[PDB]
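Q: Have a look at the structure that comes next, please.
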Amino acid sequence: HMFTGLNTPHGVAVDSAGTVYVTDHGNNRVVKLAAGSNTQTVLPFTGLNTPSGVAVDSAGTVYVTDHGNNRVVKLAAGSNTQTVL
Amino acid sequence: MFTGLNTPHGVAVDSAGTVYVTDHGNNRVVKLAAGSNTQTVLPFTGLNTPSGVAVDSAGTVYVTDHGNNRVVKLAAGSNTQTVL
Amino acid sequence: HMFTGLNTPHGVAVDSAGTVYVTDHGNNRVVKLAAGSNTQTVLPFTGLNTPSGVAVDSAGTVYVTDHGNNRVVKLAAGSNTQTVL
(Lines give C-alpha, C1' and ligand atoms only; values in the text may rest on other atoms or scores of the structure.)
Protein backbone atom coordinates (compact mmCIF):
# COMPACT_ATOMS: atom_id res chain seq x y z
CA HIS A 1 0.00 0.00 0.00
CA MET A 2 2.31 2.72 -1.40
CA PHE A 3 -0.43 5.01 -2.62
CA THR A 4 -0.97 7.23 0.42
CA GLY A 5 -4.14 9.16 1.15
CA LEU A 6 -6.17 8.25 -1.92
CA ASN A 7 -9.80 9.10 -1.92
CA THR A 8 -12.49 7.95 -4.36
CA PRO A 9 -10.11 7.40 -7.27
CA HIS A 10 -11.70 7.92 -10.68
CA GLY A 11 -9.20 6.63 -13.21
CA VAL A 12 -5.96 4.77 -13.85
CA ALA A 13 -3.29 4.77 -16.62
CA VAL A 14 0.00 2.86 -17.03
CA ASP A 15 2.93 3.81 -19.25
CA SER A 16 5.64 1.76 -21.04
CA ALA A 17 7.85 1.61 -17.89
CA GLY A 18 5.02 0.35 -15.73
CA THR A 19 4.48 3.71 -13.95
CA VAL A 20 0.87 3.89 -12.71
CA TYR A 21 -1.00 7.24 -12.83
CA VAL A 22 -4.20 7.69 -10.78
CA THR A 23 -6.82 10.46 -10.49
CA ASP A 24 -7.41 11.07 -6.73
CA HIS A 25 -10.69 12.54 -7.34
CA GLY A 26 -11.42 13.28 -3.67
CA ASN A 27 -8.12 15.19 -3.13
CA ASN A 28 -8.26 16.94 -6.55
CA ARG A 29 -4.92 15.66 -7.56
CA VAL A 30 -3.12 13.20 -9.76
CA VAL A 31 -0.56 10.82 -8.33
CA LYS A 32 1.99 8.44 -9.82
CA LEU A 33 3.84 5.38 -8.60
CA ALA A 34 6.71 3.65 -10.33
CA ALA A 35 6.75 -0.07 -10.64
CA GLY A 36 7.67 -1.61 -7.25
CA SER A 37 8.38 2.03 -6.11
CA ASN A 38 7.89 2.90 -2.52
CA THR A 39 6.59 6.40 -2.40
CA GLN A 40 4.29 8.25 -4.76
CA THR A 41 4.72 11.56 -6.45
CA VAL A 42 1.95 14.16 -6.74
CA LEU A 43 1.99 15.61 -10.31
CA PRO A 44 2.15 19.44 -10.52
CA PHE A 45 -1.25 19.96 -11.98
CA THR A 46 -3.10 22.98 -10.61
CA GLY A 47 -6.63 24.19 -10.31
CA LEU A 48 -8.24 20.83 -10.75
CA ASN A 49 -11.76 20.14 -9.67
CA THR A 50 -12.60 16.42 -9.59
CA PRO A 51 -9.99 15.03 -12.06
CA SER A 52 -11.62 11.97 -13.65
CA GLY A 53 -9.90 10.29 -16.61
CA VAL A 54 -6.15 9.90 -17.11
CA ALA A 55 -3.97 8.79 -20.03
CA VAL A 56 -0.20 8.81 -20.71
CA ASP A 57 1.63 8.82 -24.07
CA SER A 58 4.89 7.21 -25.15
CA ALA A 59 6.76 10.53 -24.31
CA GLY A 60 5.44 10.42 -20.71
CA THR A 61 3.03 13.29 -21.24
CA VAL A 62 0.14 12.91 -18.86
CA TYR A 63 -3.42 13.86 -19.90
CA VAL A 64 -6.25 14.41 -17.38
CA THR A 65 -9.93 15.29 -17.71
CA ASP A 66 -10.71 18.05 -15.22
CA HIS A 67 -14.30 17.13 -14.82
CA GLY A 68 -15.54 19.99 -12.73
CA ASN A 69 -13.92 22.57 -15.01
CA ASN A 70 -15.10 21.04 -18.35
CA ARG A 71 -11.63 20.80 -19.79
CA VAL A 72 -8.68 18.52 -20.39
CA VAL A 73 -5.18 19.42 -19.22
CA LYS A 74 -1.76 17.90 -19.99
CA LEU A 75 1.68 17.90 -18.40
CA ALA A 76 4.84 17.04 -20.31
CA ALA A 77 7.36 14.73 -18.65
CA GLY A 78 9.27 16.75 -16.00
CA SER A 79 7.23 19.96 -16.55
CA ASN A 80 5.90 22.08 -13.72
CA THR A 81 3.35 23.85 -15.97
CA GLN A 82 0.27 22.23 -17.49
CA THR A 83 -1.44 23.31 -20.63
CA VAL A 84 -5.12 23.25 -21.43
CA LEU A 85 -6.70 21.43 -24.29
CA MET B 1 -8.52 23.25 -28.52
CA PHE B 2 -11.55 21.48 -27.17
CA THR B 3 -14.81 23.36 -27.16
CA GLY B 4 -18.11 22.98 -25.34
CA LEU B 5 -17.12 19.99 -23.19
CA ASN B 6 -19.38 19.17 -20.33
CA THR B 7 -18.55 16.89 -17.37
CA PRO B 8 -15.96 14.89 -19.29
CA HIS B 9 -15.06 11.38 -18.05
CA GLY B 10 -12.57 9.18 -19.92
CA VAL B 11 -9.48 10.19 -21.86
CA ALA B 12 -7.24 8.08 -24.17
CA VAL B 13 -4.23 8.92 -26.34
CA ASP B 14 -3.03 6.78 -29.27
CA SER B 15 0.51 6.33 -30.59
CA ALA B 16 0.06 9.36 -32.98
CA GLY B 17 -0.68 11.61 -29.97
CA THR B 18 -4.33 12.02 -30.83
CA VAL B 19 -6.36 12.58 -27.65
CA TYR B 20 -9.88 11.11 -27.34
CA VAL B 21 -12.26 12.43 -24.64
CA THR B 22 -15.62 11.10 -23.55
CA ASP B 23 -17.68 14.29 -23.40
CA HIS B 24 -20.05 12.54 -21.05
CA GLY B 25 -22.42 15.48 -20.45
CA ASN B 26 -22.98 15.85 -24.20
CA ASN B 27 -23.32 12.16 -24.98
CA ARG B 28 -20.42 12.14 -27.47
CA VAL B 29 -16.85 11.27 -27.90
CA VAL B 30 -14.44 13.88 -29.32
CA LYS B 31 -10.95 13.77 -30.60
CA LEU B 32 -8.22 16.25 -31.18
CA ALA B 33 -5.27 15.41 -33.33
CA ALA B 34 -1.75 16.59 -32.30
CA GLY B 35 -1.39 20.10 -33.67
CA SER B 36 -4.97 20.53 -34.96
CA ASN B 37 -7.17 23.37 -33.68
CA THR B 38 -10.39 21.52 -34.72
CA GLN B 39 -11.99 18.86 -32.60
CA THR B 40 -13.85 16.00 -34.29
CA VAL B 41 -16.98 14.34 -33.00
CA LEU B 42 -16.81 10.59 -33.61
CA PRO B 43 -19.73 8.88 -35.35
CA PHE B 44 -21.08 6.98 -32.34
CA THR B 45 -24.83 7.07 -32.18
CA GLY B 46 -27.30 6.51 -29.47
CA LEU B 47 -24.93 7.21 -26.54
CA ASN B 48 -26.23 8.21 -23.10
CA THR B 49 -23.97 8.95 -20.13
CA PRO B 50 -20.92 7.38 -21.73
CA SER B 51 -17.82 7.18 -19.57
CA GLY B 52 -14.66 5.20 -20.23
CA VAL B 53 -12.86 5.30 -23.59
CA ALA B 54 -10.14 3.16 -25.05
CA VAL B 55 -8.44 2.90 -28.48
CA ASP B 56 -6.64 -0.21 -29.83
CA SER B 57 -3.45 -0.27 -31.92
CA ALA B 58 -5.65 -0.23 -35.10
CA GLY B 59 -7.72 2.81 -34.25
CA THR B 60 -10.93 1.03 -33.09
CA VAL B 61 -12.52 3.13 -30.35
CA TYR B 62 -14.32 1.54 -27.38
CA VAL B 63 -16.69 3.50 -25.09
CA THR B 64 -18.66 2.48 -22.03
CA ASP B 65 -22.22 3.54 -22.55
CA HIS B 66 -25.60 3.86 -20.84
CA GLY B 67 -23.95 3.76 -17.47
CA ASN B 68 -23.25 0.08 -16.71
CA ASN B 69 -25.24 -1.26 -19.67
CA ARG B 70 -22.82 -1.75 -22.54
CA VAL B 71 -19.57 -1.10 -24.36
CA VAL B 72 -19.83 0.25 -27.96
CA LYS B 73 -17.08 -0.43 -30.47
CA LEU B 74 -16.49 1.87 -33.51
CA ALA B 75 -14.46 0.12 -36.20
CA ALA B 76 -11.70 2.13 -37.88
CA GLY B 77 -12.40 3.15 -41.53
CA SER B 78 -15.89 1.59 -41.82
CA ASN B 79 -17.21 3.40 -38.72
CA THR B 80 -19.36 0.36 -38.10
CA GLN B 81 -20.69 0.35 -34.55
CA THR B 82 -21.29 -2.83 -32.68
CA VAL B 83 -22.06 -3.68 -29.10
CA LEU B 84 -19.44 -5.76 -27.31
CA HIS C 1 -29.69 21.99 -4.39
CA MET C 2 -29.17 20.54 -0.91
CA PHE C 3 -28.26 17.26 -2.67
CA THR C 4 -25.61 17.02 -5.35
CA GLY C 5 -24.04 13.67 -6.20
CA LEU C 6 -21.41 12.57 -8.71
CA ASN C 7 -21.70 9.61 -11.01
CA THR C 8 -18.87 7.16 -10.54
CA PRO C 9 -16.99 6.51 -13.86
CA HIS C 10 -17.01 3.22 -15.74
CA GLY C 11 -13.87 1.90 -17.44
CA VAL C 12 -12.82 0.02 -20.55
CA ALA C 13 -9.34 -1.07 -21.67
CA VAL C 14 -8.04 -3.11 -24.59
CA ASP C 15 -4.79 -5.15 -24.76
CA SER C 16 -2.52 -5.95 -27.69
CA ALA C 17 -4.54 -9.08 -28.53
CA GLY C 18 -7.83 -7.09 -28.77
CA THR C 19 -9.14 -8.55 -25.50
CA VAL C 20 -11.47 -5.96 -23.90
CA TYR C 21 -11.49 -5.29 -20.14
CA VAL C 22 -14.65 -3.69 -18.59
CA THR C 23 -15.66 -2.49 -15.14
CA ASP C 24 -19.04 -3.87 -14.00
CA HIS C 25 -20.38 -1.68 -11.21
CA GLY C 26 -23.56 -3.70 -10.62
CA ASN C 27 -21.67 -6.93 -9.93
CA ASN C 28 -18.68 -5.15 -8.35
CA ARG C 29 -16.27 -6.89 -10.72
CA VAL C 30 -14.01 -6.48 -13.73
CA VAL C 31 -14.48 -8.75 -16.71
CA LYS C 32 -12.55 -9.58 -19.80
CA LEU C 33 -13.93 -10.41 -23.23
CA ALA C 34 -11.55 -12.08 -25.76
CA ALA C 35 -12.43 -11.24 -29.39
CA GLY C 36 -14.92 -13.91 -30.71
CA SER C 37 -14.93 -16.16 -27.59
CA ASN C 38 -18.56 -15.84 -26.60
CA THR C 39 -16.93 -15.89 -23.14
CA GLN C 40 -17.03 -13.35 -20.36
CA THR C 41 -14.18 -14.03 -17.91
CA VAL C 42 -14.55 -12.67 -14.37
CA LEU C 43 -11.11 -11.47 -13.13
CA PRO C 44 -10.27 -12.60 -9.54
CA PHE C 45 -10.12 -9.24 -7.88
CA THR C 46 -11.29 -9.25 -4.27
CA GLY C 47 -13.54 -7.00 -2.32
CA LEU C 48 -14.26 -4.36 -4.91
CA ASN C 49 -16.62 -1.49 -4.34
CA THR C 50 -17.68 0.04 -7.59
CA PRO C 51 -14.58 -0.16 -9.81
CA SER C 52 -14.22 3.14 -11.58
CA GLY C 53 -11.40 2.49 -14.01
CA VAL C 54 -9.25 -0.20 -15.65
CA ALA C 55 -5.98 -0.30 -17.55
CA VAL C 56 -3.85 -3.03 -18.99
CA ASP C 57 -0.13 -2.75 -19.65
CA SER C 58 1.99 -4.40 -22.37
CA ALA C 59 2.59 -7.43 -20.11
CA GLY C 60 -1.13 -8.06 -19.57
CA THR C 61 -1.12 -6.78 -15.98
CA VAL C 62 -4.59 -5.34 -15.16
CA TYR C 63 -4.94 -2.30 -12.91
CA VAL C 64 -8.26 -1.21 -11.31
CA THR C 65 -9.33 1.82 -9.31
CA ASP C 66 -11.42 0.48 -6.48
CA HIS C 67 -13.45 3.65 -6.00
CA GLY C 68 -15.38 2.75 -2.87
CA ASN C 69 -12.31 1.43 -1.07
CA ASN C 70 -9.94 4.33 -1.86
CA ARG C 71 -7.36 2.01 -3.42
CA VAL C 72 -5.79 0.70 -6.68
CA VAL C 73 -5.42 -3.01 -7.21
CA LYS C 74 -3.51 -5.05 -9.78
CA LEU C 75 -3.44 -8.58 -11.19
CA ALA C 76 -0.58 -9.87 -13.30
CA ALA C 77 -1.64 -12.13 -16.18
CA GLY C 78 -2.29 -15.60 -14.75
CA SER C 79 -2.03 -14.44 -11.11
CA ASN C 80 -4.58 -15.42 -8.49
CA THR C 81 -4.19 -12.76 -5.84
CA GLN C 82 -4.44 -9.06 -6.35
CA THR C 83 -1.72 -6.70 -5.14
CA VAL C 84 -2.91 -3.44 -3.53
CA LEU C 85 -0.68 -0.60 -4.84
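If you're wondering about the labels, chains in the C-alpha coordinates are A, B, ... by order shown, residues count from 1 in each chain, ligands from 1 in order shown.
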Region 7-13 of chain A: which residues within 7 Å, counting only C-alpha atoms, same-chain residues fewer than 3 positions away excluded, as a list in words?
A: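 The residues satisfying every condition are residues 20, 21, 22, 23, 24, 25, 26, 27, 52, 53, 54, 55 and 56 of chain A; 9, 52, 53, 54, 55, 64, 65, 67, 68 and 70 of chain C.
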Q: Would you output that residue set with N, CA, C and O atoms, as a short mmCIF file (atom, residue, chain, number, x, y, z; two decimals), in the first residue's frame?
A:
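Output (selection-v6.cif):
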```cif
data_model
loop_
_atom_site.label_atom_id
_atom_site.label_comp_id
_atom_site.auth_asym_id
_atom_site.auth_seq_id
_atom_site.Cartn_x
_atom_site.Cartn_y
_atom_site.Cartn_z
N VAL A 20 2.37 3.83 -12.85
CA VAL A 20 0.87 3.89 -12.71
C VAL A 20 0.48 5.31 -12.34
O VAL A 20 1.09 5.88 -11.40
N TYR A 21 -0.53 5.84 -13.00
CA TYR A 21 -1.00 7.24 -12.83
C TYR A 21 -2.49 7.14 -12.42
O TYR A 21 -3.24 6.41 -13.03
N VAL A 22 -2.86 7.84 -11.35
CA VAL A 22 -4.20 7.69 -10.78
C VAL A 22 -4.80 9.09 -10.51
O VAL A 22 -4.12 9.98 -9.91
N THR A 23 -6.05 9.25 -10.88
CA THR A 23 -6.82 10.46 -10.49
C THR A 23 -7.49 10.25 -9.10
O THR A 23 -8.33 9.38 -8.87
N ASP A 24 -7.02 11.10 -8.18
CA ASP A 24 -7.41 11.07 -6.73
C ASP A 24 -8.46 12.08 -6.64
O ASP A 24 -8.26 13.27 -6.29
N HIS A 25 -9.63 11.64 -7.01
CA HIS A 25 -10.69 12.54 -7.34
C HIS A 25 -11.06 13.33 -6.08
O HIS A 25 -11.16 14.57 -6.13
N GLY A 26 -11.15 12.66 -4.94
CA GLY A 26 -11.42 13.28 -3.67
C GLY A 26 -10.43 14.30 -3.09
O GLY A 26 -10.81 15.10 -2.28
N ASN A 27 -9.17 14.23 -3.51
CA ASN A 27 -8.12 15.19 -3.13
C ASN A 27 -7.75 16.08 -4.29
O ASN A 27 -6.83 16.85 -4.16
N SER A 52 -10.84 13.20 -13.43
CA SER A 52 -11.62 11.97 -13.65
C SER A 52 -10.80 11.01 -14.48
O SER A 52 -10.22 10.07 -13.95
N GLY A 53 -10.68 11.23 -15.78
CA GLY A 53 -9.90 10.29 -16.61
C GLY A 53 -8.43 10.66 -16.67
O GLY A 53 -8.10 11.81 -16.53
N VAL A 54 -7.57 9.68 -16.91
CA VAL A 54 -6.15 9.90 -17.11
C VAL A 54 -5.68 8.98 -18.26
O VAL A 54 -6.12 7.83 -18.41
N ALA A 55 -4.70 9.52 -19.00
CA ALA A 55 -3.97 8.79 -20.03
C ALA A 55 -2.50 9.29 -20.06
O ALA A 55 -2.20 10.41 -19.57
N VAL A 56 -1.66 8.44 -20.60
CA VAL A 56 -0.20 8.81 -20.71
C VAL A 56 0.30 8.31 -22.06
O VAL A 56 -0.07 7.22 -22.48
N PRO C 9 -17.32 6.98 -12.47
CA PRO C 9 -16.99 6.51 -13.86
C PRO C 9 -17.01 5.03 -14.05
O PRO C 9 -16.94 4.24 -13.08
N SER C 52 -14.00 1.91 -10.80
CA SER C 52 -14.22 3.14 -11.58
C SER C 52 -13.40 3.20 -12.89
O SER C 52 -13.76 3.94 -13.81
N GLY C 53 -12.35 2.40 -12.95
CA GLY C 53 -11.40 2.49 -14.01
C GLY C 53 -10.55 1.22 -14.14
O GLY C 53 -10.40 0.50 -13.14
N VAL C 54 -10.11 0.97 -15.37
CA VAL C 54 -9.25 -0.20 -15.65
C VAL C 54 -8.26 0.17 -16.74
O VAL C 54 -8.54 0.97 -17.62
N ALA C 55 -7.05 -0.42 -16.57
CA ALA C 55 -5.98 -0.30 -17.55
C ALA C 55 -5.22 -1.62 -17.59
O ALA C 55 -5.23 -2.40 -16.69
N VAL C 64 -6.87 -1.64 -11.58
CA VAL C 64 -8.26 -1.21 -11.31
C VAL C 64 -8.25 -0.20 -10.19
O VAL C 64 -7.72 -0.45 -9.10
N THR C 65 -9.00 0.88 -10.39
CA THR C 65 -9.33 1.82 -9.31
C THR C 65 -10.59 1.36 -8.60
O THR C 65 -11.73 1.26 -9.18
N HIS C 67 -13.00 2.35 -6.39
CA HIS C 67 -13.45 3.65 -6.00
C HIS C 67 -13.96 3.70 -4.55
O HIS C 67 -13.61 4.61 -3.83
N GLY C 68 -14.77 2.73 -4.20
CA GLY C 68 -15.38 2.75 -2.87
C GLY C 68 -14.48 2.38 -1.74
O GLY C 68 -14.81 2.67 -0.56
N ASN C 70 -11.01 3.34 -1.91
CA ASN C 70 -9.94 4.33 -1.86
C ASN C 70 -8.61 3.67 -2.10
O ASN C 70 -7.61 3.96 -1.43
#
```
Q: Please list as a list in words every residue within 10 Å of residue 41 (chain C), counting only C-alpha atoms and excluding residues in the same chain fewer than 5 positions away.
A: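 Listed by chain and then number, they are residues 21, 30, 31, 32, 33 and 34 of chain C.
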Q: Keeping N, CA and C atoms, export the residues of the selection given above as a CSV table (one decimal), in the first residue's frame.
A:
```csv
chain,number,residue,atom,x,y,z
C,21,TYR,N,-11.3,-5.3,-21.6
C,21,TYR,CA,-11.5,-5.3,-20.1
C,21,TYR,C,-12.6,-4.3,-19.7
C,30,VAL,N,-14.6,-6.9,-12.5
C,30,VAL,CA,-14.0,-6.5,-13.7
C,30,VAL,C,-14.0,-7.7,-14.6
C,31,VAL,N,-14.5,-7.6,-15.8
C,31,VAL,CA,-14.5,-8.7,-16.7
C,31,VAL,C,-13.6,-8.5,-17.9
C,32,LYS,N,-13.2,-9.6,-18.5
C,32,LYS,CA,-12.6,-9.6,-19.8
C,32,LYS,C,-13.2,-10.4,-20.9
C,33,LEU,N,-13.2,-9.8,-22.1
C,33,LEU,CA,-13.9,-10.4,-23.2
C,33,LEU,C,-12.9,-10.6,-24.4
C,34,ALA,N,-12.5,-11.8,-24.6
C,34,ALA,CA,-11.5,-12.1,-25.8
C,34,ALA,C,-12.4,-11.9,-27.0
```
Q: Looking only at strand (DSSP E) from DSSP on the backbone, list the matching residues of region 1-65 of chain C as a list in words.
A: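 Matching residues for strand (DSSP E) in region 1-65 of chain C are residues 12, 13, 14, 20, 21, 22, 23, 24, 29, 30, 31, 32, 33, 40, 41, 42, 51, 52, 53, 54, 55, 56, 62, 63, 64 and 65 of chain C.
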Q: Would you write out those residues with N, CA and C atoms, as an mmCIF file, in the first residue's frame?
A:
```
data_model
loop_
_atom_site.group_PDB
_atom_site.id
_atom_site.type_symbol
_atom_site.label_atom_id
_atom_site.label_comp_id
_atom_site.auth_asym_id
_atom_site.auth_seq_id
_atom_site.Cartn_x
_atom_site.Cartn_y
_atom_site.Cartn_z
ATOM 1 N N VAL C 12 -13.027 1.020 -19.536
ATOM 2 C CA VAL C 12 -12.821 0.021 -20.551
ATOM 3 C C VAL C 12 -11.331 0.143 -20.960
ATOM 4 N N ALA C 13 -10.742 -1.030 -21.191
ATOM 5 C CA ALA C 13 -9.343 -1.074 -21.665
ATOM 6 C C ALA C 13 -9.248 -2.199 -22.685
ATOM 7 N N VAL C 14 -8.232 -2.086 -23.570
ATOM 8 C CA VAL C 14 -8.037 -3.107 -24.586
ATOM 9 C C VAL C 14 -6.541 -3.420 -24.660
ATOM 10 N N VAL C 20 -10.835 -7.173 -24.472
ATOM 11 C CA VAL C 20 -11.472 -5.961 -23.905
ATOM 12 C C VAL C 20 -11.744 -6.232 -22.438
ATOM 13 N N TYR C 21 -11.347 -5.270 -21.634
ATOM 14 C CA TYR C 21 -11.486 -5.290 -20.144
ATOM 15 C C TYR C 21 -12.558 -4.253 -19.748
ATOM 16 N N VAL C 22 -13.519 -4.624 -18.871
ATOM 17 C CA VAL C 22 -14.651 -3.688 -18.589
ATOM 18 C C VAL C 22 -14.954 -3.707 -17.090
ATOM 19 N N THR C 23 -15.138 -2.533 -16.492
ATOM 20 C CA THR C 23 -15.658 -2.485 -15.140
ATOM 21 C C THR C 23 -17.164 -2.935 -15.158
ATOM 22 N N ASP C 24 -17.615 -3.568 -14.103
ATOM 23 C CA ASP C 24 -19.036 -3.869 -14.001
ATOM 24 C C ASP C 24 -19.493 -3.475 -12.608
ATOM 25 N N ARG C 29 -17.280 -6.048 -10.138
ATOM 26 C CA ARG C 29 -16.271 -6.893 -10.718
ATOM 27 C C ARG C 29 -15.693 -6.276 -12.006
ATOM 28 N N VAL C 30 -14.584 -6.852 -12.451
ATOM 29 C CA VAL C 30 -14.007 -6.483 -13.735
ATOM 30 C C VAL C 30 -13.982 -7.706 -14.574
ATOM 31 N N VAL C 31 -14.458 -7.594 -15.812
ATOM 32 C CA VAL C 31 -14.484 -8.746 -16.710
ATOM 33 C C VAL C 31 -13.640 -8.526 -17.903
ATOM 34 N N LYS C 32 -13.232 -9.638 -18.499
ATOM 35 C CA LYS C 32 -12.554 -9.579 -19.798
ATOM 36 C C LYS C 32 -13.199 -10.387 -20.895
ATOM 37 N N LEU C 33 -13.184 -9.824 -22.093
ATOM 38 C CA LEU C 33 -13.928 -10.405 -23.229
ATOM 39 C C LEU C 33 -12.924 -10.575 -24.354
ATOM 40 N N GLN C 40 -17.286 -14.383 -21.295
ATOM 41 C CA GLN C 40 -17.026 -13.345 -20.358
ATOM 42 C C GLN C 40 -16.231 -13.951 -19.194
ATOM 43 N N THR C 41 -14.999 -13.488 -18.983
ATOM 44 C CA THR C 41 -14.179 -14.027 -17.906
ATOM 45 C C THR C 41 -14.228 -13.071 -16.726
ATOM 46 N N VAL C 42 -14.636 -13.529 -15.560
ATOM 47 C CA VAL C 42 -14.548 -12.673 -14.368
ATOM 48 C C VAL C 42 -13.138 -12.686 -13.767
ATOM 49 N N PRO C 51 -15.808 -0.471 -9.070
ATOM 50 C CA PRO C 51 -14.584 -0.164 -9.814
ATOM 51 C C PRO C 51 -14.840 0.878 -10.842
ATOM 52 N N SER C 52 -14.002 1.907 -10.803
ATOM 53 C CA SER C 52 -14.221 3.140 -11.583
ATOM 54 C C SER C 52 -13.404 3.199 -12.888
ATOM 55 N N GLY C 53 -12.347 2.397 -12.951
ATOM 56 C CA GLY C 53 -11.404 2.487 -14.009
ATOM 57 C C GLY C 53 -10.546 1.219 -14.143
ATOM 58 N N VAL C 54 -10.110 0.972 -15.371
ATOM 59 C CA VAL C 54 -9.247 -0.205 -15.647
ATOM 60 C C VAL C 54 -8.256 0.171 -16.740
ATOM 61 N N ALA C 55 -7.052 -0.415 -16.565
ATOM 62 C CA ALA C 55 -5.976 -0.304 -17.552
ATOM 63 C C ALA C 55 -5.222 -1.622 -17.591
ATOM 64 N N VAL C 56 -4.602 -1.855 -18.759
ATOM 65 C CA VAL C 56 -3.848 -3.033 -18.994
ATOM 66 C C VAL C 56 -2.536 -2.587 -19.680
ATOM 67 N N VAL C 62 -3.288 -6.077 -15.167
ATOM 68 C CA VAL C 62 -4.588 -5.335 -15.155
ATOM 69 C C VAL C 62 -4.615 -4.518 -13.878
ATOM 70 N N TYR C 63 -4.901 -3.225 -14.053
ATOM 71 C CA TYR C 63 -4.936 -2.302 -12.907
ATOM 72 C C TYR C 63 -6.370 -1.765 -12.813
ATOM 73 N N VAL C 64 -6.867 -1.640 -11.580
ATOM 74 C CA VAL C 64 -8.257 -1.207 -11.312
ATOM 75 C C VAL C 64 -8.250 -0.196 -10.188
ATOM 76 N N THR C 65 -9.001 0.883 -10.389
ATOM 77 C CA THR C 65 -9.327 1.819 -9.308
ATOM 78 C C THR C 65 -10.594 1.355 -8.603
#
```
Q: Determine, counting only C-alpha atoms, which protein, DNA and RNA residues have an atom within 6 Å of an atom of region 35-46 of chain B; residues of the same chain fewer than 5 positions away are not included. Present the result as a VMD selection string.
A: chain B and resid 1 29 to 30
Q: Let me make sure I understand: if you superpose chain C onto chain A using all C-alpha atoms paired in order, what RMSD in Å results?
A: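 C-alpha RMSD after optimal superposition stands at 7.8 Å.
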Q: Expressed in Å to a single decimal, how great is the separation between CA of residue 79 (chain C) and CA of residue 57 (chain C)?
A: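 If I compute the distance from CA of residue 79 (chain C) to CA of residue 57 (chain C), I get 14.6 Å.
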Q: Pick from A:71, A:15, A:76, A:66: nearest to residue 43 (chain A), with only C-alpha atoms counted?
A: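 Once distances to residue 43 (chain A) are computed over only C-alpha atoms, the minimum belongs to A:76.
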Q: Find, counting only C-alpha atoms, the residue in C:47, C:18, C:36, C:60 that gets nearest to chain A.
A: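 The closest residue to chain A is C:60.
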Q: Can you work out which residues from chain B touch chain A at a cut-off of 12 Å (counting only C-alpha atoms) and hand them back as a ChimeraX atom specification?
A: /B:1-26,30-39,51-55
Q: Using only C-alpha atoms, which protein or nucleic acid residues come within 7 Å of residue 50 (chain B)? Drop anything in the same chain fewer than 5 positions from it, and give the result as a PyMOL selection string.
A: chain B and resi 22+24+27+63-67
Q: Mind giving me the straight-line distance from CA of residue 75 (chain C) to CA of residue 49 (chain B) in Å, one decimal?
A: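 Straight-line distance from CA of residue 75 (chain C) to CA of residue 49 (chain B) works out to 28.4 Å.
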Q: Separation of CA of residue 80 (chain A) and CA of residue 73 (chain C), in Å?
A: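 Between CA of residue 80 (chain A) and CA of residue 73 (chain C) the gap works out to 28.3 Å.
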